[PDB]
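J.: Handing you a structure now.
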Amino acid sequence: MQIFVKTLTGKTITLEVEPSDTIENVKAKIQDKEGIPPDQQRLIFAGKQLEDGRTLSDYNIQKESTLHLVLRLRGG
Amino acid sequence: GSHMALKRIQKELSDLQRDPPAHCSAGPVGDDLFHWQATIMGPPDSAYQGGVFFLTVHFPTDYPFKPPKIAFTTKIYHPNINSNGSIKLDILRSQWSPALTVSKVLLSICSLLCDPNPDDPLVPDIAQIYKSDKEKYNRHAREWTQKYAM
């Protein structure tokens, strides 16, 4: 199972994930591929921000699903 | 309200005119003292050297008790400055004080160019490049300076 992650620059990166992986794990993969620390990234899918505790299965993120990587700034 | 703020602004401008600063230029665009333009020169020894960076400065009607709204007009490659000119800097919000002036903000932005704050960034990508690949950072900043600010 692989999913997609589209950044705000138009780039689309591929991730090798399992349905049991948590949002945290996916953010660690995004960090390994792009370098952004987890606390600085925000993942959107199906209209909602993905929380750390949940799994991909909890959101019905199927094969080849598209995630949206967006900013998670602190105070400006 | 606006008379008070306009008086404070007139004082700051008179100080800039009486002892111009080495670190920037600043002044009203026309006859509206609430709307200023500023310029900072690429700091020497930094990746921005040789470039000219234009800032827009807008005084609120409650100035000096509300911070001034300062943004970049010239494109720059920086961790705390994005593509449309927004700035992430404490004194421009949470740490503003009426004792401070636009001159000191522009000073702090010069220092910010020479020493970014990548641990609380506005552009995560550039921040990580700055922290883990300084050479790449200086390369991109020099390129953008040659392309936009010269």
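Letters A, B, ... go to the chains of the structure tokens in the order shown; residues in each chain start at 1; ligands are counted from 1 in the same order.
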When the cut-off is 8 Å and we count only C-alpha atoms, which residues of chain B are near chain A, given as a list in words?
T.: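 Taking only C-alpha atoms into account, residues 87, 88, 89, 120, 121, 122, 124, 125 and 128 of chain B sit within 8 Å of chain A.
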J.: Just to be explicit: take each residue in the selection above, keep N, CA, C and O atoms, and write the result as a compact mmCIF listing (two decimals), in the first residue's frame.
T.:
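Writing done, so here's selection28.txt:
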```txt
# COMPACT_ATOMS: atom_id res chain seq x y z
N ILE B 87 6.41 38.34 7.24
CA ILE B 87 7.56 38.20 8.13
C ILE B 87 7.11 37.56 9.43
O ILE B 87 6.06 37.92 9.99
N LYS B 88 7.91 36.62 9.93
CA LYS B 88 7.70 36.01 11.24
C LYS B 88 8.79 36.56 12.16
O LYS B 88 9.95 36.13 12.09
N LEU B 89 8.42 37.51 13.02
CA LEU B 89 9.36 38.14 13.92
C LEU B 89 8.63 38.58 15.18
O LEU B 89 7.56 39.19 15.09
N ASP B 120 11.71 28.25 14.58
CA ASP B 120 10.31 28.69 14.54
C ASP B 120 10.11 29.40 13.21
O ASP B 120 10.05 30.63 13.15
N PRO B 121 10.00 28.64 12.13
CA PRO B 121 10.10 29.23 10.79
C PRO B 121 8.75 29.61 10.20
O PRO B 121 7.68 29.20 10.67
N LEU B 122 8.82 30.42 9.14
CA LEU B 122 7.68 30.67 8.27
C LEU B 122 7.72 29.82 7.01
O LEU B 122 6.67 29.60 6.40
N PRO B 124 9.10 26.17 6.36
CA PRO B 124 9.81 24.98 6.88
C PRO B 124 10.89 24.44 5.97
O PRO B 124 11.98 24.10 6.44
N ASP B 125 10.62 24.34 4.66
CA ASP B 125 11.60 23.81 3.73
C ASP B 125 12.92 24.57 3.82
O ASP B 125 13.99 23.99 4.06
N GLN B 128 14.83 23.96 7.05
CA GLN B 128 15.56 22.71 7.13
C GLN B 128 16.79 22.74 6.23
O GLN B 128 17.85 22.21 6.61
```
J.: Determine which residues of chain B receive a DSSP assignment of helix (DSSP H, G or I), computed from the backbone, and state them as an MDAnalysis selection string.
T.: chainID B and resid 2:18 90:92 102:114 124:132 134:149
J.: Between A:38, A:65, A:31, A:23, single out the one closest to residue 50 of chain A, counting only C-alpha atoms.
T.: A:23
J.: Could you find all residues in segment 7-142 of chain B that DSSP calls strand (DSSP E) from the backbone, and write them as a PyMOL selection string?
T.: chain B and resi 25-28+35-41+52-58+69-72
J.: Show which residues sit within 12 Å of residue 111 of chain B, as a CSV table (one decimal) with N, CA, C and O atoms, in the first residue's frame. Count only C-alpha atoms, and ignore same-chain residues fewer than 5 positions away.
T.:
```csv
chain,number,residue,atom,x,y,z
B,23,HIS,N,21.9,51.2,8.5
B,23,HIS,CA,21.3,49.9,8.2
B,23,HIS,C,20.1,49.9,7.3
B,23,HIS,O,19.6,48.8,7.0
B,24,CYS,N,19.6,51.0,6.9
B,24,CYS,CA,18.4,51.0,6.1
B,24,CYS,C,18.1,52.4,5.7
B,24,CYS,O,18.7,53.4,6.1
B,40,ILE,N,16.4,47.8,2.8
B,40,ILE,CA,17.6,47.3,3.5
B,40,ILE,C,18.5,46.7,2.4
B,40,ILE,O,18.0,46.0,1.5
B,41,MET,N,19.8,47.0,2.6
B,41,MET,CA,20.8,46.5,1.7
B,41,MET,C,21.3,45.1,2.2
B,41,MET,O,21.4,44.9,3.4
B,42,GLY,N,21.4,44.2,1.3
B,42,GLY,CA,22.0,42.9,1.6
B,42,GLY,C,23.2,43.0,2.5
B,42,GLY,O,24.2,43.6,2.1
B,43,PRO,N,23.1,42.4,3.7
B,43,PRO,CA,24.2,42.6,4.6
B,43,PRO,C,25.5,42.1,4.0
B,43,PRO,O,25.5,41.0,3.3
B,44,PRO,N,26.6,42.7,4.2
B,44,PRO,CA,27.9,42.2,3.8
B,44,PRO,C,28.2,40.9,4.4
B,44,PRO,O,27.8,40.6,5.6
B,46,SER,N,27.0,38.1,3.8
B,46,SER,CA,25.8,37.2,3.7
B,46,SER,C,25.5,36.9,2.3
B,46,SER,O,26.0,37.5,1.4
B,89,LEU,N,8.4,37.5,13.0
B,89,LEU,CA,9.4,38.1,13.9
B,89,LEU,C,8.6,38.6,15.2
B,89,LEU,O,7.6,39.2,15.1
B,104,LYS,N,14.4,50.4,14.8
B,104,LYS,CA,14.9,49.2,15.5
B,104,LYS,C,14.3,47.9,14.9
B,104,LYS,O,15.0,46.9,14.9
B,105,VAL,N,13.1,48.0,14.3
B,105,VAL,CA,12.6,46.8,13.6
B,105,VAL,C,13.4,46.5,12.4
B,105,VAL,O,13.8,45.3,12.2
B,106,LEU,N,13.7,47.5,11.6
B,106,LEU,CA,14.5,47.3,10.4
B,106,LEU,C,15.9,46.8,10.8
B,106,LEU,O,16.5,45.9,10.1
B,116,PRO,N,19.0,33.9,10.6
B,116,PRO,CA,17.6,33.5,10.7
B,116,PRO,C,17.3,32.7,11.9
B,116,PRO,O,18.1,32.4,12.8
B,117,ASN,N,16.0,32.4,12.1
B,117,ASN,CA,15.4,31.7,13.2
B,117,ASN,C,14.7,30.4,12.6
B,117,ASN,O,13.5,30.4,12.5
```
